[PDB]
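Take a look at this one chain, the form deposited in one PDB entry, written out in structure tokens.
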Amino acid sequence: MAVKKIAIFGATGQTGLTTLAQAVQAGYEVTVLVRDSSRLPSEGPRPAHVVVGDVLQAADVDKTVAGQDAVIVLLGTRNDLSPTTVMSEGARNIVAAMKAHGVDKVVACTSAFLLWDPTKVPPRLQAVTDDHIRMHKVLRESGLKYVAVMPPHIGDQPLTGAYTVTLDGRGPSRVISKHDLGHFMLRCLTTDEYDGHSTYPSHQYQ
């Protein structure tokens, strides 16, 4: 296929695990970056290549980005709402590696709160949102072919492929299943129509 080799950052995470499973089923040759302490589960889908290391190390990000057709970014801090720069600094490393290695397409997940009135963002989520804002600025200013995926609440509902994709604004539902979010990140590999846009995927599960 046109896009065949992809790097996934955050493959062990809630959305990353289903994105990886869908990508392997769809025939992608997937490279993952995993932290040493948190490898992919034994019984699950196996990627083609594993780099062990940290997104905060340029060397490890370089190893993961080299030779790819595109990059998916599903970094996050799991339940931890503390102040952080891991997403934005990870994105700085990813941008630098993509430029050095001639990779252009990056589909990266931040949050629908980037499209909210800031007075309404829940204060408990402001520290994480501040880093999503930093991350989105890094990716927007890079000049790369960047699809800004900005989901609302990530739920455990099924894969449908039937969700709404709202461009450059908030969508009509406040949930997307983790499986649909991963499906959309992969869909963004096969089209240029979302490049340079913010995208809000959402659905009503019924």
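Counting begins at 1, following the sequence as shown. Each form is matched to the other, and the largest set of C-alpha atoms that superpose within 1.5 Å is called the rigid core. Only residues modelled in both forms are compared.
The same protein also has a form deposited in another entry, omitted here; what follows describes it.
Checking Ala96, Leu81, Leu114, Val86 for C-alpha shifts of 2 Å or more between the shown form and the other one, after the rigid core is superposed, gives a single hit: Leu81. Once both forms are overlaid on the rigid core, the distance between the two CA positions of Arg174 between the shown form and the other one is under 2 angstroms. With the core held fixed, the Cα of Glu141 is displaced between the shown form and the other one by less than 2 Å. The rigid-core alignment places the CA of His49 less than 2 Å apart between the shown form and the other one. Note: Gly155-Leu81 Cα separation is 3 Å or more longer in the other entry than here. Annotation: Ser37/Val50 CA-CA distance shorter in the other entry than in the displayed model, change of at least 3 Å. Segments of at least three consecutive residues in which every Cα is displaced by 2 Å or more between the shown form and the other one, once the core is aligned, are found at 36 to 39, 78 to 83.
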